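Quick look at data_23.cif (mmCIF, N, CA and C atoms):
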data_work
loop_
_atom_site.label_atom_id
_atom_site.label_comp_id
_atom_site.auth_asym_id
_atom_site.auth_seq_id
_atom_site.Cartn_x
_atom_site.Cartn_y
_atom_site.Cartn_z
N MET A 1 25.66 -21.09 -18.95
CA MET A 1 25.55 -21.00 -17.47
C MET A 1 24.09 -21.16 -17.02
N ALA A 2 23.86 -21.96 -15.98
CA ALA A 2 22.50 -22.14 -15.44
C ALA A 2 22.01 -20.86 -14.72
N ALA A 3 21.42 -19.95 -15.49
CA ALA A 3 20.94 -18.67 -14.95
C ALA A 3 19.46 -18.75 -14.51
N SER A 4 19.17 -18.21 -13.33
CA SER A 4 17.79 -18.20 -12.80
C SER A 4 17.16 -16.80 -12.94
N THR A 5 15.83 -16.75 -12.94
CA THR A 5 15.10 -15.48 -13.04
C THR A 5 14.93 -14.81 -11.67
N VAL A 6 15.43 -13.59 -11.53
CA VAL A 6 15.29 -12.81 -10.30
C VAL A 6 14.18 -11.75 -10.43
N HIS A 7 13.43 -11.51 -9.36
CA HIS A 7 12.38 -10.49 -9.38
C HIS A 7 12.87 -9.18 -8.74
N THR A 8 13.27 -8.23 -9.58
CA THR A 8 13.66 -6.89 -9.11
C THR A 8 12.46 -6.15 -8.50
N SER A 9 12.24 -6.35 -7.20
CA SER A 9 11.12 -5.70 -6.50
C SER A 9 11.36 -4.20 -6.33
N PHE A 10 10.31 -3.46 -6.01
CA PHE A 10 10.39 -1.99 -5.92
C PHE A 10 9.98 -1.48 -4.54
N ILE A 11 10.74 -0.52 -4.01
CA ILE A 11 10.48 0.05 -2.68
C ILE A 11 10.11 1.53 -2.77
N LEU A 12 9.02 1.92 -2.10
CA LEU A 12 8.55 3.31 -2.12
C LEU A 12 9.21 4.15 -1.01
N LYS A 13 9.71 5.33 -1.37
CA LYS A 13 10.22 6.30 -0.39
C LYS A 13 9.33 7.55 -0.35
N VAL A 14 9.23 8.17 0.83
CA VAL A 14 8.40 9.37 1.01
C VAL A 14 9.16 10.47 1.78
N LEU A 15 9.45 11.58 1.09
CA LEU A 15 10.09 12.74 1.73
C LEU A 15 9.00 13.65 2.32
N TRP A 16 8.91 13.70 3.64
CA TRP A 16 7.84 14.44 4.32
C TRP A 16 8.23 15.91 4.58
N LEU A 17 7.46 16.84 4.03
CA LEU A 17 7.69 18.28 4.25
C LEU A 17 6.65 18.88 5.20
N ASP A 18 6.75 20.19 5.44
CA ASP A 18 5.85 20.88 6.37
C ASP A 18 4.41 20.94 5.82
N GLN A 19 4.24 21.49 4.62
CA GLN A 19 2.92 21.54 3.97
C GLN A 19 2.92 20.76 2.64
N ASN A 20 3.95 19.95 2.41
CA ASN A 20 4.08 19.17 1.16
C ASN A 20 4.58 17.74 1.44
N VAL A 21 4.63 16.91 0.40
CA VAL A 21 5.11 15.52 0.51
C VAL A 21 5.60 15.00 -0.85
N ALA A 22 6.74 14.31 -0.85
CA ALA A 22 7.34 13.79 -2.10
C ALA A 22 7.50 12.26 -2.06
N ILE A 23 7.37 11.62 -3.23
CA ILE A 23 7.51 10.16 -3.34
C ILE A 23 8.57 9.75 -4.37
N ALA A 24 9.29 8.65 -4.10
CA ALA A 24 10.37 8.16 -4.99
C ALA A 24 10.64 6.66 -4.79
N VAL A 25 10.62 5.88 -5.87
CA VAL A 25 10.76 4.42 -5.80
C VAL A 25 12.19 3.94 -6.16
N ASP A 26 12.64 2.88 -5.49
CA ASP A 26 13.93 2.24 -5.81
C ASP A 26 13.71 0.82 -6.35
N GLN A 27 14.66 0.35 -7.16
CA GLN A 27 14.65 -1.03 -7.66
C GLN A 27 15.64 -1.90 -6.85
N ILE A 28 15.18 -3.06 -6.39
CA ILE A 28 16.04 -3.98 -5.63
C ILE A 28 16.95 -4.78 -6.57
N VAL A 29 18.24 -4.44 -6.55
CA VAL A 29 19.23 -5.05 -7.44
C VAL A 29 19.98 -6.19 -6.72
N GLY A 30 20.65 -7.06 -7.49
CA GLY A 30 21.35 -8.22 -6.92
C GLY A 30 22.32 -7.91 -5.77
N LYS A 31 22.77 -6.65 -5.66
CA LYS A 31 23.68 -6.24 -4.59
C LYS A 31 23.08 -5.15 -3.68
N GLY A 32 21.75 -5.00 -3.71
CA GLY A 32 21.08 -4.02 -2.85
C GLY A 32 19.91 -3.32 -3.53
N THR A 33 20.00 -1.99 -3.65
CA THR A 33 18.96 -1.20 -4.33
C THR A 33 19.58 -0.14 -5.24
N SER A 34 18.75 0.45 -6.10
CA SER A 34 19.19 1.54 -6.97
C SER A 34 18.04 2.52 -7.21
N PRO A 35 18.29 3.84 -7.07
CA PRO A 35 17.25 4.88 -7.28
C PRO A 35 16.57 4.77 -8.66
N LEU A 36 15.30 4.37 -8.66
CA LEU A 36 14.55 4.21 -9.91
C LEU A 36 13.93 5.54 -10.35
N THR A 37 13.23 6.21 -9.43
CA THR A 37 12.61 7.52 -9.71
C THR A 37 12.99 8.54 -8.63
N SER A 38 12.99 9.82 -8.99
CA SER A 38 13.32 10.88 -8.03
C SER A 38 12.07 11.34 -7.25
N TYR A 39 12.29 12.12 -6.19
CA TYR A 39 11.19 12.61 -5.36
C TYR A 39 10.31 13.64 -6.10
N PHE A 40 9.09 13.24 -6.44
CA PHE A 40 8.11 14.15 -7.04
C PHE A 40 7.30 14.85 -5.94
N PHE A 41 7.41 16.18 -5.85
CA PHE A 41 6.82 16.94 -4.74
C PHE A 41 5.32 17.24 -4.95
N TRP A 42 4.48 16.50 -4.23
CA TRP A 42 3.03 16.72 -4.20
C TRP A 42 2.64 17.71 -3.07
N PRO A 43 1.61 18.56 -3.26
CA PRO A 43 0.79 18.63 -4.48
C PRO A 43 1.28 19.67 -5.51
N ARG A 44 2.46 20.25 -5.27
CA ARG A 44 3.03 21.25 -6.19
C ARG A 44 3.21 20.65 -7.60
N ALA A 45 3.52 19.37 -7.65
CA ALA A 45 3.66 18.63 -8.90
C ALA A 45 2.83 17.33 -8.85
N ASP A 46 2.43 16.83 -10.01
CA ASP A 46 1.65 15.59 -10.08
C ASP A 46 2.52 14.38 -9.73
N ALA A 47 2.75 14.18 -8.44
CA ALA A 47 3.63 13.11 -7.95
C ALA A 47 3.21 11.72 -8.43
N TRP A 48 2.00 11.30 -8.05
CA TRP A 48 1.51 9.96 -8.39
C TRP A 48 1.47 9.73 -9.91
N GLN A 49 1.00 10.74 -10.65
CA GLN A 49 0.93 10.66 -12.11
C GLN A 49 2.32 10.51 -12.74
N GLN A 50 3.26 11.36 -12.34
CA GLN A 50 4.64 11.28 -12.85
C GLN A 50 5.32 9.98 -12.41
N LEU A 51 4.97 9.49 -11.21
CA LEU A 51 5.51 8.22 -10.71
C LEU A 51 5.08 7.05 -11.60
N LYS A 52 3.78 6.92 -11.84
CA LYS A 52 3.27 5.85 -12.71
C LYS A 52 3.76 6.04 -14.15
N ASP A 53 3.86 7.30 -14.57
CA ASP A 53 4.39 7.63 -15.90
C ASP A 53 5.82 7.08 -16.08
N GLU A 54 6.67 7.28 -15.06
CA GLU A 54 8.01 6.70 -15.05
C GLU A 54 7.94 5.16 -15.14
N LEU A 55 7.06 4.56 -14.35
CA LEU A 55 6.89 3.10 -14.34
C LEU A 55 6.35 2.57 -15.68
N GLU A 56 5.51 3.36 -16.34
CA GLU A 56 4.98 3.01 -17.66
C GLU A 56 6.03 3.22 -18.76
N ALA A 57 6.88 4.23 -18.57
CA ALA A 57 8.00 4.49 -19.48
C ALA A 57 9.06 3.38 -19.37
N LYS A 58 9.31 2.93 -18.14
CA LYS A 58 10.22 1.81 -17.90
C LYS A 58 9.50 0.49 -18.17
N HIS A 59 9.52 0.06 -19.43
CA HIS A 59 8.69 -1.06 -19.90
C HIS A 59 9.14 -2.42 -19.36
N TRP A 60 10.21 -2.46 -18.57
CA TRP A 60 10.64 -3.71 -17.92
C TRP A 60 9.89 -3.94 -16.59
N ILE A 61 9.05 -2.97 -16.21
CA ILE A 61 8.18 -3.09 -15.02
C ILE A 61 6.90 -3.88 -15.35
N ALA A 62 6.53 -4.81 -14.48
CA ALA A 62 5.29 -5.58 -14.65
C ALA A 62 4.08 -4.84 -14.08
N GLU A 63 2.88 -5.18 -14.56
CA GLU A 63 1.65 -4.52 -14.10
C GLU A 63 1.46 -4.68 -12.58
N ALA A 64 1.58 -5.92 -12.10
CA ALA A 64 1.45 -6.22 -10.67
C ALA A 64 2.37 -5.32 -9.81
N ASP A 65 3.62 -5.19 -10.24
CA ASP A 65 4.60 -4.38 -9.51
C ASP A 65 4.22 -2.89 -9.48
N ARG A 66 3.92 -2.31 -10.65
CA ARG A 66 3.59 -0.88 -10.71
C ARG A 66 2.30 -0.58 -9.94
N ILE A 67 1.28 -1.43 -10.10
CA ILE A 67 0.01 -1.24 -9.40
C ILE A 67 0.21 -1.29 -7.87
N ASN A 68 0.98 -2.28 -7.40
CA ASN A 68 1.27 -2.43 -5.97
C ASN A 68 1.81 -1.12 -5.36
N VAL A 69 2.94 -0.64 -5.89
CA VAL A 69 3.58 0.57 -5.36
C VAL A 69 2.70 1.82 -5.56
N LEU A 70 1.86 1.81 -6.60
CA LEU A 70 0.90 2.90 -6.82
C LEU A 70 -0.24 2.87 -5.78
N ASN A 71 -0.62 1.67 -5.34
CA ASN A 71 -1.66 1.52 -4.30
C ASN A 71 -1.21 2.15 -2.98
N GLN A 72 -0.04 1.73 -2.51
CA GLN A 72 0.52 2.24 -1.25
C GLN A 72 0.86 3.74 -1.36
N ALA A 73 1.38 4.16 -2.52
CA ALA A 73 1.62 5.58 -2.78
C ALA A 73 0.32 6.39 -2.67
N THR A 74 -0.75 5.87 -3.26
CA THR A 74 -2.08 6.49 -3.16
C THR A 74 -2.51 6.62 -1.70
N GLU A 75 -2.27 5.58 -0.91
CA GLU A 75 -2.61 5.60 0.52
C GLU A 75 -1.80 6.67 1.27
N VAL A 76 -0.52 6.81 0.93
CA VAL A 76 0.32 7.86 1.52
C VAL A 76 -0.21 9.26 1.18
N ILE A 77 -0.59 9.46 -0.08
CA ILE A 77 -1.15 10.74 -0.53
C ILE A 77 -2.49 11.05 0.16
N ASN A 78 -3.37 10.05 0.24
CA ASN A 78 -4.65 10.20 0.93
C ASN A 78 -4.45 10.43 2.44
N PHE A 79 -3.47 9.73 3.01
CA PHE A 79 -3.10 9.90 4.42
C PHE A 79 -2.66 11.35 4.68
N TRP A 80 -1.76 11.85 3.83
CA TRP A 80 -1.27 13.23 3.92
C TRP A 80 -2.41 14.25 3.77
N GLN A 81 -3.20 14.11 2.70
CA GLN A 81 -4.34 15.00 2.45
C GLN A 81 -5.30 15.01 3.66
N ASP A 82 -5.53 13.83 4.23
CA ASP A 82 -6.35 13.68 5.43
C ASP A 82 -5.81 14.54 6.59
N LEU A 83 -4.48 14.57 6.73
CA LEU A 83 -3.82 15.35 7.78
C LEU A 83 -3.92 16.86 7.52
N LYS A 84 -3.66 17.27 6.27
CA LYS A 84 -3.68 18.69 5.88
C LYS A 84 -5.03 19.36 6.21
N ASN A 85 -6.13 18.62 6.03
CA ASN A 85 -7.47 19.15 6.30
C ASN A 85 -7.82 19.15 7.80
N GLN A 86 -7.40 18.11 8.53
CA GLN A 86 -7.74 18.00 9.96
C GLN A 86 -6.68 18.62 10.88
N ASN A 87 -5.50 18.92 10.34
CA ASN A 87 -4.38 19.46 11.14
C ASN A 87 -4.00 18.52 12.30
N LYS A 88 -4.01 17.21 12.03
CA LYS A 88 -3.75 16.19 13.07
C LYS A 88 -2.38 16.36 13.76
N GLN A 89 -1.40 16.96 13.06
CA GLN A 89 -0.07 17.22 13.63
C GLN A 89 0.64 15.92 14.09
N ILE A 90 0.29 14.79 13.49
CA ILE A 90 0.86 13.49 13.89
C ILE A 90 2.37 13.39 13.62
N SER A 91 3.00 12.37 14.20
CA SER A 91 4.45 12.17 14.07
C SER A 91 4.82 11.26 12.89
N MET A 92 6.03 11.43 12.38
CA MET A 92 6.58 10.58 11.30
C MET A 92 6.48 9.09 11.66
N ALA A 93 6.71 8.76 12.94
CA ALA A 93 6.63 7.38 13.42
C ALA A 93 5.22 6.80 13.24
N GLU A 94 4.20 7.63 13.45
CA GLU A 94 2.80 7.20 13.30
C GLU A 94 2.49 6.84 11.83
N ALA A 95 3.12 7.55 10.90
CA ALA A 95 3.02 7.22 9.48
C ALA A 95 3.75 5.89 9.17
N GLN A 96 4.89 5.68 9.83
CA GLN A 96 5.64 4.42 9.71
C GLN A 96 4.83 3.23 10.24
N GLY A 97 4.01 3.48 11.26
CA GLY A 97 3.12 2.44 11.77
C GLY A 97 2.04 2.05 10.76
N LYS A 98 1.78 2.93 9.80
CA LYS A 98 0.78 2.67 8.75
C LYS A 98 1.44 2.03 7.51
N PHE A 99 2.63 2.51 7.15
CA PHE A 99 3.32 2.05 5.93
C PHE A 99 4.67 1.37 6.27
N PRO A 100 4.64 0.07 6.63
CA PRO A 100 5.84 -0.65 7.11
C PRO A 100 6.92 -0.86 6.03
N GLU A 101 6.51 -0.94 4.77
CA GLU A 101 7.47 -1.18 3.67
C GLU A 101 7.98 0.14 3.06
N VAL A 102 7.38 1.26 3.44
CA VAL A 102 7.71 2.56 2.84
C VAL A 102 8.79 3.31 3.64
N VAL A 103 9.83 3.77 2.95
CA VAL A 103 10.95 4.47 3.59
C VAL A 103 10.73 6.00 3.59
N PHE A 104 10.43 6.55 4.76
CA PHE A 104 10.24 8.00 4.90
C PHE A 104 11.57 8.73 5.14
N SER A 105 11.66 9.98 4.69
CA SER A 105 12.88 10.78 4.83
C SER A 105 12.56 12.26 5.05
N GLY A 106 13.60 13.05 5.34
CA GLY A 106 13.41 14.48 5.58
C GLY A 106 14.27 15.36 4.67
N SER A 107 13.84 16.59 4.44
CA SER A 107 14.54 17.52 3.54
C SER A 107 15.75 18.19 4.22
N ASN A 108 16.44 17.44 5.07
CA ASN A 108 17.60 17.97 5.80
C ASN A 108 18.71 18.42 4.84
N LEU A 109 19.01 17.59 3.84
CA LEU A 109 20.04 17.92 2.84
C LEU A 109 19.40 18.43 1.54
N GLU A 110 20.25 18.90 0.63
CA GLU A 110 19.79 19.47 -0.64
C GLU A 110 19.29 18.42 -1.63
N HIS A 111 17.99 18.46 -1.91
CA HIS A 111 17.41 17.66 -2.99
C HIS A 111 16.98 18.57 -4.16
N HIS A 112 17.23 19.87 -4.02
CA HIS A 112 16.91 20.84 -5.08
C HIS A 112 17.91 20.73 -6.23
N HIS A 113 19.18 20.52 -5.88
CA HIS A 113 20.23 20.27 -6.87
C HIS A 113 20.21 18.81 -7.32
N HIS A 114 19.94 18.59 -8.61
CA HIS A 114 19.80 17.24 -9.15
C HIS A 114 21.09 16.41 -9.08
N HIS A 115 21.22 15.65 -8.00
CA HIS A 115 22.22 14.58 -7.91
C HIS A 115 21.55 13.26 -7.49
N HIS A 116 20.21 13.28 -7.50
CA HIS A 116 19.36 12.10 -7.21
C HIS A 116 17.93 12.33 -7.75
#
Represent the structure contained in this file as structure tokens.
Amino acid sequence: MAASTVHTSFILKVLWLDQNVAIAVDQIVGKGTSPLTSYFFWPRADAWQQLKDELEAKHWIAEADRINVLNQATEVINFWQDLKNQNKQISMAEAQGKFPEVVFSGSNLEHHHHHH
């Protein structure tokens, strides 16, 4: 069969908390997306480190891809840290204006029980 090479791109998600923030990446599959990594809660846990660690463990990820999502993830973390010190009290929408490709979410439902 004449099979072509597809690029499984990766999308960054950010769960925004009151005094915390979590990050989680998905893989773009032929029929949509699939949860690649779970929400790592920064700064309580080493979010960025565990995120890249997952990407380094998943050896089917390319350098360009992992570095890209790590760059924007770093910007989200620096953005958050910037807010925590200045108490800017900005809105979720204002963060969306900064990160157009990043999917933000809220802790409305249970993410403590591992089903994602």
For this session: Anything within 12 Å of (6.0, 2.0, 7.1): list those residues as number ranges by chain, counting only C-alpha atoms and sticking to the file's coordinates.
Result: A: 11-14, 72-73, 75-76, 92-105
Exercise. Just so the selection is clear, what residues does the PyMOL selection byres (((chain A and resi 80 and name CA) around 12) and name CA) cover here, as a PyMOL selection string?
Worked result: chain A and resi 14-23+42-43+73-79+81-92+94-95+98
Problem set entry | Answer key for the PyMOL selection byres ((chain A and resi 27-30) around 6.5), residues as a PyMOL selection string | chain A and resi 7-11+25-26+31-37
Problem set entry | Residues of chain A in strand (DSSP E or B), written as a PyMOL selection string | chain A and resi 10-16+21-29+32-35+40-42+103-105
Problem set entry | Which of chain A fall in helix (DSSP H, G or I), as an NGL selection string | :A and (47-57 or 63-86 or 92-96)
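Nearest residue to residue 112 of chain A, choosing from A:4, A:62, A:24, A:38 and counting only C-alpha atoms: A:38.
Separating atom C of residue 109 of chain A from atom C of residue 39 of chain A is a distance of 12.8 Å.
A straight line drawn from atom N of residue 108 of chain A to atom C of residue 68 of chain A is 25.8 Å long.
When atom N of residue 55 of chain A is paired with atom CA of residue 110 of chain A, their separation reads 23.9 Å.
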